[PDB]
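One structure is given here, and the rest of the page talks about it.
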Protein chains: 2
Amino acid sequence: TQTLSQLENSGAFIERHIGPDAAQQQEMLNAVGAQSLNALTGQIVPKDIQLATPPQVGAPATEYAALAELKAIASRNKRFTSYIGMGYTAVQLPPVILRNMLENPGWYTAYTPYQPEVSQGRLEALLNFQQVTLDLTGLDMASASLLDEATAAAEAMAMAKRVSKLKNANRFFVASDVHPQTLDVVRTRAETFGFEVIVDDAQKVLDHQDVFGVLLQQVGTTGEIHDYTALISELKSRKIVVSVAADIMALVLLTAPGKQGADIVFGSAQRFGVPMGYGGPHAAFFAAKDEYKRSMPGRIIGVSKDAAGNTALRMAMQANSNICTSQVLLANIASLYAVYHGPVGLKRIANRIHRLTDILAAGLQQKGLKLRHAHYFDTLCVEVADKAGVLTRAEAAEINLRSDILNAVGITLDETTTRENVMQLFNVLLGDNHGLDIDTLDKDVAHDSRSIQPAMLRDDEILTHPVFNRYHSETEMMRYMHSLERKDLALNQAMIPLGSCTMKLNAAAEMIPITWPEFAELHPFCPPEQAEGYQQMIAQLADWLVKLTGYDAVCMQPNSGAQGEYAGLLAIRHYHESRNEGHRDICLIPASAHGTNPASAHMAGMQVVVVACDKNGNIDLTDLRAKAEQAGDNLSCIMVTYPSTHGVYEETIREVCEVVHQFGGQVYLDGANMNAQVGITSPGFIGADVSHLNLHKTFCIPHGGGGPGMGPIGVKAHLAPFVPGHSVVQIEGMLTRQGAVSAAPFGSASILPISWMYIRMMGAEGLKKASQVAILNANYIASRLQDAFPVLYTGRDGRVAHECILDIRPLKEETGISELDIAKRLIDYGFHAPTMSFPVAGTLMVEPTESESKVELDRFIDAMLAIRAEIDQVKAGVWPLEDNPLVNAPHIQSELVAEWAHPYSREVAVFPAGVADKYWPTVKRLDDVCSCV
Amino acid sequence: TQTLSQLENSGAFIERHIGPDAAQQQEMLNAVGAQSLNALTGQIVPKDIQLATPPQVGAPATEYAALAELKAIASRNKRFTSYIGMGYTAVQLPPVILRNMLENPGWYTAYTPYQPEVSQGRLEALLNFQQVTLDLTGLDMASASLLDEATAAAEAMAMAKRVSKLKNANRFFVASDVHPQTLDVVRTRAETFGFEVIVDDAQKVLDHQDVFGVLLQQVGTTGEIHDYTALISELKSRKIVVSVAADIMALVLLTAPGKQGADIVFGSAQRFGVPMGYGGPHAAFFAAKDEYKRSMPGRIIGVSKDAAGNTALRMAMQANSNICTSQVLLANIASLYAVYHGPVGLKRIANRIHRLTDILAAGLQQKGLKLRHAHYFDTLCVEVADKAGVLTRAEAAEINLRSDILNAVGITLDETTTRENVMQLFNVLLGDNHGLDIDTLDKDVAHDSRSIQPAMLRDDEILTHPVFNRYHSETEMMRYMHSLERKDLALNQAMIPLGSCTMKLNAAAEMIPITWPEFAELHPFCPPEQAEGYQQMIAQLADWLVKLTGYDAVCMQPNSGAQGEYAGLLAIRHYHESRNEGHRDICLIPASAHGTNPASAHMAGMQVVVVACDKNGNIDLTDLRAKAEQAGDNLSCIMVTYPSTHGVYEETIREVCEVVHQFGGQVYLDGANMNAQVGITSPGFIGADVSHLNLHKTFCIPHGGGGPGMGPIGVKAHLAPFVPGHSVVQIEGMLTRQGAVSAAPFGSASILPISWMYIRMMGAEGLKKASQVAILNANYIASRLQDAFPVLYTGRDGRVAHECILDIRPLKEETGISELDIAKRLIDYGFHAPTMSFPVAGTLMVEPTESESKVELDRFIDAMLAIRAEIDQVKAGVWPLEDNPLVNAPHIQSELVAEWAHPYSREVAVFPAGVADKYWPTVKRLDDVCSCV
């Protein structure tokens, strides 16, 4: 029989998340010549860094039990109506977009468009987002989206320095009306960059000298609308770069800053249907003049042409910044919101918000209350004689107002405000028996409205492009979203075995809580007592992560992997400065590291010294010893990846850490390859002092067409005081007072439920089993493909850790077929191509996660063997190098009905592995060697 | 400027639901030569039946406001833990199925597979459901699903009568252990059929004579497991048909009744992941022996072959029953649940339920409580000395137990029961300080378990087909569901202009509340005080519907259109019997009526008299007068459709009603064409006495691959007392005590939120505008296609109401191309074919709803004109009648890469209207002239 525990099947999610079952795992172990997962892992992972027991995060729970527990936790949050503002407002996300995009795995299970041939649908949505940015800002070049408004302001300052034509100008000016979180992030970035920040009134910049750039907010943090035309003209007369922060919804009604002379315009796209999510993941728009196209940060979608001449979109841009990805899922949400509403719908929403603000202001002023600013769009600043009583009454009414303004309260209206809300506000601020009526006030304000200056009122036409004027029906919008989705190859169709990326399963149980109104719909700057569920969940997650990573503390603020590396380096630098050792600025980086690490080290104000790797990507101790001796007292830290970028479990990592620590240098272990450690080993037990965790890779947070997921960092005890803090929000025991790295205190807090659910559902043994099953899948692919393509960078007994690197260079030499040809030909077999040329050019890195079953691995192996056979045919003279299926891939269905002159058949070209479940690439190969259409 | 009301935009959903905008509507009105919607409608609808004002259901509300109001209503429901049983239990629907199927419009926006070439994906899920039915029941032929277990029992009785080989046997035997709702529905059906029902112990059937069939329940309503092998053998020795009701989850562990000798096995598939939904929409499985294949009710999926010889699935069956459709969406949910769990997972779930029941029973018996039945699977019958105290304690613990058993309480466990629940039950039934421990009881019961007889324990292998053994990963299951979904043509890709079906928009806002746990997860037989939100919502919906239809009362019990017709005819018959006028049994039916009406009239025990239509489908008064005179005192009712089946607003409907009423006959207006009335006219104002409303057609309830949606009926004051009632549930003012027509008191109550949301969001003027816009779209299609294909059955000034009937017979005569060829060729243009040959053979009926925009209508018109040009080419001799794109359609992509011998190009064959957004039919034409593969 079975015990009751076996019948309850706690750990049922372990067998859903891990692809192969017990029999498939046994077959793969037989194929790779290993007795069990424990034996394989113990013969691959070095003995001195092996954990006998996996970190004890708890017993596994079922999806239903975990969801119920998280629902009970989230019910501790209080859903007050928020008028706090400060860059965050409640939105009304259309149910058609929420149903068919946000909760659709075809939209959130894809990664960065490394293959534009299979990503045309999401590329068009990003192009629509760029078109919205161009229309609203009035500039020429728009980015594909940035992390958030504060990071976008930091990038605007960096780009202003890059494009400045003034020597000896190292001062950056910020207007005092800028949102405080933006000011804090800009101050941290300027401290690391060496810039001097001046904060004052906007008009006072003319007094100061040596200013290379200025930051202005179109609408002040307390709601004042500014006309900056004369000041911007005077600034441009002095060759000063002008950047303006603008709200996306306010740009519908207000004059575009680009037409007022702004060089750079950026802001939050959150109000276009993106819920706040306690400061959650939001996209930021970024625009600049055409003369600064070379220095624009981030990625840009461009219009290119096929090998067949068809119009095709691609992500072109790569501008010395550490941004590597964009908030693709949220930017697509904003663009789809714009498409659904149209210019008329967006104008109606903005006019309704402005009219409700005008009605509230007229009522308050009729009842004797004074307003600080006479020009506003959606934010009032009411001067209350008794602030404490007003705040108490608002709390009794379950209404949150901005309470950090001296002798005043702040009300910000949004898309969800109704007349009932305005009546509640009248009751709160004036008391009962005020006697105001919305209709008479409405008639008064519609005729007489002077809250917006005539010059600041928009009069041009926005969103005239046809895509914004033809999908206003729910049926048409649904069909448009489906047509965009059909063009892409997502995880719900095929495996995406990208190296250095963990395209594992984004389970529906992990995705469900992130759309809960208890986790969404929360203002990041709300009083912390109303966010007790978030506090409980984040504390549990931090305890789990410190157990898993072997560290002592965890900070969730960073919202990207590069942001996490930057935050960890900031912690190292602040620790060095706290011991009167600020002269330590040398950051040793192995020659095989990722490109992001030197960028982050340069951002953190660290001199980068490259240490050579002897061979196979293993850094040699003699060169490391010599470099660290040369650094000596000026050695700040080291930046290594374990397992290495070549996916090798090096046997000298402990003595590398010892050598670094011998000279007073910290060890930063990059957590890119953490998917190969969880349960088997931890960076803290290895000896690292600080690391960053890519929850989007190792803990199942999805890539929404890009990878700007959570980047929380784990530190040892001595580095704990120096993790990034926050200024707006103060929470004892969970937030420090250090310079913030993100706009929100906890970054994108509304996707941390994914990691919480994943850890809660797996447990310690589940996580360890997932790691070793991923290792087993990689070794199975390596052992099945060693005779076709040479396997590079093997470990002990010729084994790979979790990535199988295939050597294509000999094949390219004696045939001419490159790794790009194989990557494009895998599309015809129905596969997203692996990573090409990341560690070394001419190679392919295959990283199967634990989530892919043996059937999918066998399909991929069969496709690779068939491609090898095709390369053999190319060598044999059957097909010319000029005309063969490898160089002509991918093949589109328009070719089938045209005249066929190729020496290979249509079936070979288009159905090399069969006709069933055929995915169709929309465009041919993009040479790649920005306007919506 | 704009007023605040214009900025709030109440009625925003009206412009999302209605396809064309104001400019497109003006262009279409110009094309059809009408001044406005009011002018067109007033010139189409006869003056004497026109409503000056639309029925006042209220002002429109936004989607967010309506959702908030419905959430506040649904929060009045109490979510007690239910152990009531009686055929309903809480399920654990896997989040992967809920996310990717239940909330995926690609799964619930399709209709009945009239075109199997575009429905292979859902046909495979229905085939999997049939395979599950065959494996669990042990019989040869399985249906594609029935409405519910009680209706399935009624069909089992009808089929037993059909296949009975005994003359003069008119008695049907029902065992007293059958669920009471099943007994009530069977009694109503037998009263209408003339059968005599005997209810007694199962063994007592041997005493009675003249029995043609017996109904048995494998597990009694109080949980007793029966071994019926000897009794079934003795019954078969007497040529008595044996039907057995079985639970789908109990069949995992218990011996299949088919192997015990049962001729027919049926039951509820609800426990395979389908939430109860207050008795909501559930699928019922139905199986029979191979010798009864001809008399099986409902539809059956069969394995056929293509015109190219490829294997292809199709819905084959049509057995004199009024079932026309199946619960496709719920049956697919059950089949996907079976696929996800596998035989091992299903066995584990059933064994866990049985083990928890055994632990609870052992604890209760150790603590001095007695059990009525020693053999059980998941239901106990605890004999409590103080029933009232136990029930009060259970209510204090928020636990629902079956409370209608004399001197006993009933507990039924399900998939969601845990050890904590069993401990709570111990506290409820034994009090505190009982001292029982789950682990020691578990050890006792695992070793010693006699609650299932050795002969009743299943020992065979179920679900050995490969589809049940290879998709247990979440990734693999997601990819399988996506692969099934990709094969189908749904509303999220193209218009489905089926006549007699209203394939309008199933908005996401209407779909969201049906998955709410407040509306789902409710037991239909829970105490009504815990269902106050349902009561409020249903009362509001009934008031709205009586306003809209011009009637006085509405009953929501019927769960299909045929069920609604049957219920209305039952009301007519009971009214006639209440006035000592039972001899009235003649039901006049026009010769142009649908096929469902005569079936329902025969089911209701009515003699059908056909009255001839003079021409154009308009019934002639002289024949109607003569037929009604001949009927005289025996005339029961009439069954007309307004507008007629040919979509004609007849000008003599008032005098037809007058003629029927002159002889004491009731008027049943079939509500098939109600989409052309709402706001413009109502059947009650016309003069009808009773009608049925297809909420799945006119009020936006989706078709989930089939049309078994709500069929509520509206009646006048005198027929109100005779609407179907319920026996298990008693609610004053909302439920009568008449014979039930469905298992649940309110039918599928968890999809009534769709209709509530639709009406609340549209309002009176919105509904009227939707009706006249649908009329305008039909007239625009008719006016753009009159020169290509003749338009049949025009009204005043040559206008159609809401369906455009195209005459293909001249084209077929002069060319040989049939309406079936055009229907298949429209697939190549990316369209679901219209209705073929419903009113008259050789015609196509196009019904565009108000939801299709002018762009989609223009695309359809262009496709039809291109098809007309192709038929002209066929006539001209360019293409032979044997070899042309019309007769060879649809074209599949496997043809493109094969040798092409056709006289027409590949591009003409496969991309006649372009290459963008190409939907690919999976199979070629199915000739039609049942095993999973």
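By order of appearance in the structure tokens: chains A, B, ..., then residues from 1 within every chain, and ligands from 1 in the order shown.
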
message: At a cut-off of 8 Å, using only C-alpha atoms, what residues contact residue 636 (chain B)? Leave out same-chain residues fewer than 2 positions from it and give the result as a PyMOL selection string.
response: chain B and resi 572-573+576+584-587+606+634+638+664-666

Produce a table with one row for each residue of chain A that has an atom at most 7 Å from any atom of chain B, each row naming the nearest atom pair and its distance in Å at one decimal; use only C-alpha atoms; arrange rows by chain and rising residue number; format as a Markdown table.
| residue | atom | partner | partner_atom | distance |
| --- | --- | --- | --- | --- |
| A:1 | CA | B:446 | CA | 6.6 |
| A:4 | CA | B:442 | CA | 6.6 |
| A:7 | CA | B:352 | CA | 5.0 |
| A:8 | CA | B:352 | CA | 6.5 |
| A:15 | CA | B:473 | CA | 6.8 |
| A:16 | CA | B:473 | CA | 4.4 |
| A:17 | CA | B:474 | CA | 6.3 |
| A:18 | CA | B:473 | CA | 7.0 |
| A:19 | CA | B:473 | CA | 5.6 |
| A:95 | CA | B:508 | CA | 5.6 |
| A:96 | CA | B:508 | CA | 5.5 |
| A:99 | CA | B:508 | CA | 6.7 |
| A:348 | CA | B:7 | CA | 5.8 |
| A:351 | CA | B:7 | CA | 6.9 |
| A:352 | CA | B:7 | CA | 5.0 |
| A:442 | CA | B:4 | CA | 6.6 |
| A:446 | CA | B:1 | CA | 6.6 |
| A:472 | CA | B:16 | CA | 6.5 |
| A:473 | CA | B:16 | CA | 4.4 |
| A:474 | CA | B:16 | CA | 5.1 |
| A:475 | CA | B:505 | CA | 6.5 |
| A:478 | CA | B:492 | CA | 5.9 |
| A:479 | CA | B:492 | CA | 4.9 |
| A:482 | CA | B:492 | CA | 6.5 |
| A:483 | CA | B:917 | CA | 6.3 |
| A:492 | CA | B:479 | CA | 4.9 |
| A:493 | CA | B:479 | CA | 5.3 |
| A:505 | CA | B:475 | CA | 6.5 |
| A:508 | CA | B:96 | CA | 5.5 |
| A:509 | CA | B:95 | CA | 5.8 |
| A:851 | CA | B:475 | CA | 6.9 |
| A:894 | CA | B:915 | CA | 6.8 |
| A:896 | CA | B:896 | CA | 6.2 |
| A:897 | CA | B:906 | CA | 4.9 |
| A:906 | CA | B:897 | CA | 4.9 |
| A:907 | CA | B:897 | CA | 5.1 |
| A:915 | CA | B:894 | CA | 6.8 |
| A:917 | CA | B:483 | CA | 6.3 |

Could you check which of A:235, A:328, A:430, A:225 is closest to residue 368 (chain A), using only C-alpha atoms?
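Between A:235, A:328, A:430, A:225, the residue approaching residue 368 (chain A) most closely is A:430.
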
>> For residue 268 (chain A), find every residue with an atom within 7 Å (counting only C-alpha atoms), except residues of its own chain fewer than 3 positions away, and show them as a VMD selection string.
In response: chain A and resid 148 to 149 247 to 248 283 to 285

Would you put the residues from that selection into a file with N, CA and C atoms, as a PDB file, in the first residue's frame?
ATOM      1  N   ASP A 148      12.956  52.165 -15.399  1.00  0.00           N
ATOM      2  CA  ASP A 148      12.012  52.996 -14.665  1.00  0.00           C
ATOM      3  C   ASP A 148      12.431  54.450 -14.814  1.00  0.00           C
ATOM      4  N   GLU A 149      11.588  55.346 -14.301  1.00  0.00           N
ATOM      5  CA  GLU A 149      11.795  56.774 -14.525  1.00  0.00           C
ATOM      6  C   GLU A 149      13.061  57.279 -13.840  1.00  0.00           C
ATOM      7  N   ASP A 247       5.137  62.951 -17.549  1.00  0.00           N
ATOM      8  CA  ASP A 247       4.177  61.868 -17.383  1.00  0.00           C
ATOM      9  C   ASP A 247       3.539  61.531 -18.725  1.00  0.00           C
ATOM     10  N   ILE A 248       3.356  60.234 -18.978  1.00  0.00           N
ATOM     11  CA  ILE A 248       2.832  59.801 -20.269  1.00  0.00           C
ATOM     12  C   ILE A 248       1.398  60.280 -20.463  1.00  0.00           C
ATOM     13  N   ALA A 283       7.443  50.113 -17.551  1.00  0.00           N
ATOM     14  CA  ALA A 283       8.299  50.567 -18.633  1.00  0.00           C
ATOM     15  C   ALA A 283       8.428  52.082 -18.592  1.00  0.00           C
ATOM     16  N   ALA A 284       9.595  52.566 -19.000  1.00  0.00           N
ATOM     17  CA  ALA A 284       9.865  53.992 -19.101  1.00  0.00           C
ATOM     18  C   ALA A 284      10.179  54.332 -20.549  1.00  0.00           C
ATOM     19  N   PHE A 285       9.555  55.386 -21.063  1.00  0.00           N
ATOM     20  CA  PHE A 285       9.871  55.854 -22.402  1.00  0.00           C
ATOM     21  C   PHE A 285      11.069  56.793 -22.357  1.00  0.00           C
TER      22      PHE A 285
END

| Out of region 298-489 of chain A, which residues get alpha helix (DSSP H) from DSSP, as JSON, numbers by chain? | {"A": [328, 329, 330, 331, 332, 333, 334, 335, 336, 337, 338, 339, 340, 341, 342, 343, 344, 345, 346, 347, 348, 349, 350, 351, 352, 353, 354, 355, 356, 357, 358, 359, 360, 361, 362, 363, 364, 365, 366, 387, 388, 389, 390, 391, 392, 393, 394, 395, 396, 419, 420, 421, 422, 423, 424, 425, 426, 427, 428, 429, 430, 438, 439, 440, 441, 442, 443, 444, 445, 446, 447, 474, 475, 476, 477, 478, 479, 480, 481, 482, 483, 484, 485, 486]}

Can I get the selection written as a PDB file, in the first residue's frame, with C-alpha atoms?
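And here is the file that came out, again-v1.pdb:
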ATOM      1  CA  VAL A 328       9.353  44.453 -23.131  1.00  0.00           C
ATOM      2  CA  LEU A 329       6.215  43.033 -21.507  1.00  0.00           C
ATOM      3  CA  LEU A 330       5.226  46.315 -19.838  1.00  0.00           C
ATOM      4  CA  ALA A 331       6.123  48.470 -22.848  1.00  0.00           C
ATOM      5  CA  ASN A 332       3.965  46.183 -24.978  1.00  0.00           C
ATOM      6  CA  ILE A 333       1.155  46.638 -22.439  1.00  0.00           C
ATOM      7  CA  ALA A 334       1.450  50.421 -22.730  1.00  0.00           C
ATOM      8  CA  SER A 335       1.526  50.282 -26.539  1.00  0.00           C
ATOM      9  CA  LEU A 336      -1.495  47.963 -26.662  1.00  0.00           C
ATOM     10  CA  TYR A 337      -3.320  50.298 -24.264  1.00  0.00           C
ATOM     11  CA  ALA A 338      -2.590  53.191 -26.623  1.00  0.00           C
ATOM     12  CA  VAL A 339      -3.725  51.116 -29.618  1.00  0.00           C
ATOM     13  CA  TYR A 340      -6.954  50.099 -27.870  1.00  0.00           C
ATOM     14  CA  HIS A 341      -7.901  53.601 -26.767  1.00  0.00           C
ATOM     15  CA  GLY A 342      -6.725  55.621 -29.761  1.00  0.00           C
ATOM     16  CA  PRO A 343      -6.012  59.347 -29.715  1.00  0.00           C
ATOM     17  CA  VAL A 344      -9.694  60.073 -29.029  1.00  0.00           C
ATOM     18  CA  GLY A 345      -9.913  57.631 -26.118  1.00  0.00           C
ATOM     19  CA  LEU A 346      -6.633  58.807 -24.600  1.00  0.00           C
ATOM     20  CA  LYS A 347      -7.728  62.438 -24.923  1.00  0.00           C
ATOM     21  CA  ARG A 348     -11.040  61.600 -23.255  1.00  0.00           C
ATOM     22  CA  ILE A 349      -9.270  59.890 -20.341  1.00  0.00           C
ATOM     23  CA  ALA A 350      -6.860  62.790 -19.820  1.00  0.00           C
ATOM     24  CA  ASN A 351      -9.645  65.376 -20.127  1.00  0.00           C
ATOM     25  CA  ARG A 352     -11.771  63.483 -17.597  1.00  0.00           C
ATOM     26  CA  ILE A 353      -8.888  63.411 -15.111  1.00  0.00           C
ATOM     27  CA  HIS A 354      -8.237  67.126 -15.633  1.00  0.00           C
ATOM     28  CA  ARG A 355     -11.947  67.984 -15.342  1.00  0.00           C
ATOM     29  CA  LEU A 356     -12.316  66.049 -12.088  1.00  0.00           C
ATOM     30  CA  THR A 357      -9.250  67.838 -10.718  1.00  0.00           C
ATOM     31  CA  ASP A 358     -10.777  71.173 -11.761  1.00  0.00           C
ATOM     32  CA  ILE A 359     -14.099  70.332 -10.090  1.00  0.00           C
ATOM     33  CA  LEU A 360     -12.348  69.344  -6.862  1.00  0.00           C
ATOM     34  CA  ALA A 361     -10.230  72.512  -6.908  1.00  0.00           C
ATOM     35  CA  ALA A 362     -13.247  74.739  -7.577  1.00  0.00           C
ATOM     36  CA  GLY A 363     -15.183  73.165  -4.711  1.00  0.00           C
ATOM     37  CA  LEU A 364     -12.265  73.440  -2.293  1.00  0.00           C
ATOM     38  CA  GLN A 365     -11.602  77.072  -3.229  1.00  0.00           C
ATOM     39  CA  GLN A 366     -15.300  77.922  -2.958  1.00  0.00           C
ATOM     40  CA  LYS A 387      -2.949  68.755   8.581  1.00  0.00           C
ATOM     41  CA  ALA A 388      -3.169  66.063  11.273  1.00  0.00           C
ATOM     42  CA  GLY A 389      -6.962  66.199  11.443  1.00  0.00           C
ATOM     43  CA  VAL A 390      -7.283  66.024   7.659  1.00  0.00           C
ATOM     44  CA  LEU A 391      -4.933  63.031   7.521  1.00  0.00           C
ATOM     45  CA  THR A 392      -6.826  61.279  10.330  1.00  0.00           C
ATOM     46  CA  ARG A 393     -10.151  61.866   8.560  1.00  0.00           C
ATOM     47  CA  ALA A 394      -8.693  60.592   5.274  1.00  0.00           C
ATOM     48  CA  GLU A 395      -7.425  57.460   7.036  1.00  0.00           C
ATOM     49  CA  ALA A 396     -10.873  56.961   8.568  1.00  0.00           C
ATOM     50  CA  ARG A 419     -17.630  61.817  -8.886  1.00  0.00           C
ATOM     51  CA  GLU A 420     -18.210  59.675  -5.799  1.00  0.00           C
ATOM     52  CA  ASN A 421     -14.476  59.839  -5.072  1.00  0.00           C
ATOM     53  CA  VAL A 422     -14.508  63.632  -5.442  1.00  0.00           C
ATOM     54  CA  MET A 423     -17.465  63.820  -3.046  1.00  0.00           C
ATOM     55  CA  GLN A 424     -15.552  61.646  -0.567  1.00  0.00           C
ATOM     56  CA  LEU A 425     -12.584  64.011  -0.894  1.00  0.00           C
ATOM     57  CA  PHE A 426     -14.863  66.993  -0.238  1.00  0.00           C
ATOM     58  CA  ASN A 427     -16.109  65.237   2.899  1.00  0.00           C
ATOM     59  CA  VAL A 428     -12.541  64.462   3.988  1.00  0.00           C
ATOM     60  CA  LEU A 429     -11.035  67.917   3.473  1.00  0.00           C
ATOM     61  CA  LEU A 430     -14.010  70.190   4.247  1.00  0.00           C
ATOM     62  CA  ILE A 438     -20.678  68.192  -8.825  1.00  0.00           C
ATOM     63  CA  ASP A 439     -22.950  69.320 -11.668  1.00  0.00           C
ATOM     64  CA  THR A 440     -22.951  73.059 -10.920  1.00  0.00           C
ATOM     65  CA  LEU A 441     -19.195  72.958 -10.311  1.00  0.00           C
ATOM     66  CA  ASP A 442     -18.846  71.018 -13.574  1.00  0.00           C
ATOM     67  CA  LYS A 443     -20.783  73.696 -15.461  1.00  0.00           C
ATOM     68  CA  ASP A 444     -18.632  76.402 -13.870  1.00  0.00           C
ATOM     69  CA  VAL A 445     -15.318  74.721 -14.685  1.00  0.00           C
ATOM     70  CA  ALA A 446     -16.182  73.637 -18.242  1.00  0.00           C
ATOM     71  CA  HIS A 447     -16.857  77.254 -19.219  1.00  0.00           C
ATOM     72  CA  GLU A 474     -12.826  44.340 -28.680  1.00  0.00           C
ATOM     73  CA  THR A 475     -13.073  41.785 -31.493  1.00  0.00           C
ATOM     74  CA  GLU A 476     -10.633  43.707 -33.692  1.00  0.00           C
ATOM     75  CA  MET A 477      -8.223  44.318 -30.807  1.00  0.00           C
ATOM     76  CA  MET A 478      -8.337  40.632 -29.849  1.00  0.00           C
ATOM     77  CA  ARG A 479      -7.638  39.619 -33.447  1.00  0.00           C
ATOM     78  CA  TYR A 480      -4.764  42.115 -33.704  1.00  0.00           C
ATOM     79  CA  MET A 481      -3.166  40.777 -30.520  1.00  0.00           C
ATOM     80  CA  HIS A 482      -3.646  37.207 -31.749  1.00  0.00           C
ATOM     81  CA  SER A 483      -2.076  38.098 -35.106  1.00  0.00           C
ATOM     82  CA  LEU A 484       0.935  39.607 -33.335  1.00  0.00           C
ATOM     83  CA  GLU A 485       1.190  36.549 -31.075  1.00  0.00           C
ATOM     84  CA  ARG A 486       1.002  34.067 -33.975  1.00  0.00           C
TER      85      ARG A 486
END

Next on the checklist: Using DSSP secondary structure from the backbone, list all strand (DSSP E) positions within region 517-723 of chain B, as a ChimeraX atom specification.
Outcome noted: /B:553-555,586-590,607-611,613-615,618-619,635-641,666-670,690-692,713-715

Using only C-alpha atoms, the shortest atom-to-atom distance to residue 870 (chain A) among A:290, A:821, A:847, A:577 belongs to A:821

- Would you kindly return, as a PyMOL selection string, each protein, DNA or RNA residue with an atom no farther than 8 Å from any atom of residue 926 (chain B), considering only C-alpha atoms and excluding same-chain residues fewer than 5 positions away? chain B and resi 116-117+304-307+312

Those same residues, written as an mmCIF file, in the first residue's frame with N, CA, C and O atoms?
data_model
loop_
_atom_site.group_PDB
_atom_site.id
_atom_site.type_symbol
_atom_site.label_atom_id
_atom_site.label_comp_id
_atom_site.auth_asym_id
_atom_site.auth_seq_id
_atom_site.Cartn_x
_atom_site.Cartn_y
_atom_site.Cartn_z
ATOM 1 N N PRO B 116 -15.260 20.178 -39.782
ATOM 2 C CA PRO B 116 -14.175 19.451 -39.105
ATOM 3 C C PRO B 116 -12.790 19.801 -39.617
ATOM 4 O O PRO B 116 -11.808 19.552 -38.910
ATOM 5 N N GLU B 117 -12.679 20.368 -40.820
ATOM 6 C CA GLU B 117 -11.373 20.742 -41.353
ATOM 7 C C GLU B 117 -10.712 21.833 -40.522
ATOM 8 O O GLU B 117 -9.482 21.923 -40.490
ATOM 9 N N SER B 304 -12.201 9.436 -39.481
ATOM 10 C CA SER B 304 -12.461 9.350 -40.909
ATOM 11 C C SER B 304 -11.155 9.590 -41.661
ATOM 12 O O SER B 304 -10.075 9.635 -41.071
ATOM 13 N N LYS B 305 -11.259 9.726 -42.977
ATOM 14 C CA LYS B 305 -10.103 9.989 -43.817
ATOM 15 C C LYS B 305 -10.374 11.185 -44.716
ATOM 16 O O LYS B 305 -11.520 11.514 -45.028
ATOM 17 N N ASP B 306 -9.288 11.835 -45.125
ATOM 18 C CA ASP B 306 -9.344 13.017 -45.967
ATOM 19 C C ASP B 306 -9.652 12.639 -47.412
ATOM 20 O O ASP B 306 -9.731 11.464 -47.779
ATOM 21 N N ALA B 307 -9.819 13.665 -48.248
ATOM 22 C CA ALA B 307 -9.761 13.460 -49.687
ATOM 23 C C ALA B 307 -8.365 13.056 -50.136
ATOM 24 O O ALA B 307 -8.216 12.472 -51.214
ATOM 25 N N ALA B 312 -8.387 11.803 -40.133
ATOM 26 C CA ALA B 312 -9.048 13.029 -39.718
ATOM 27 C C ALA B 312 -10.242 12.703 -38.836
ATOM 28 O O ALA B 312 -10.949 11.722 -39.069
#
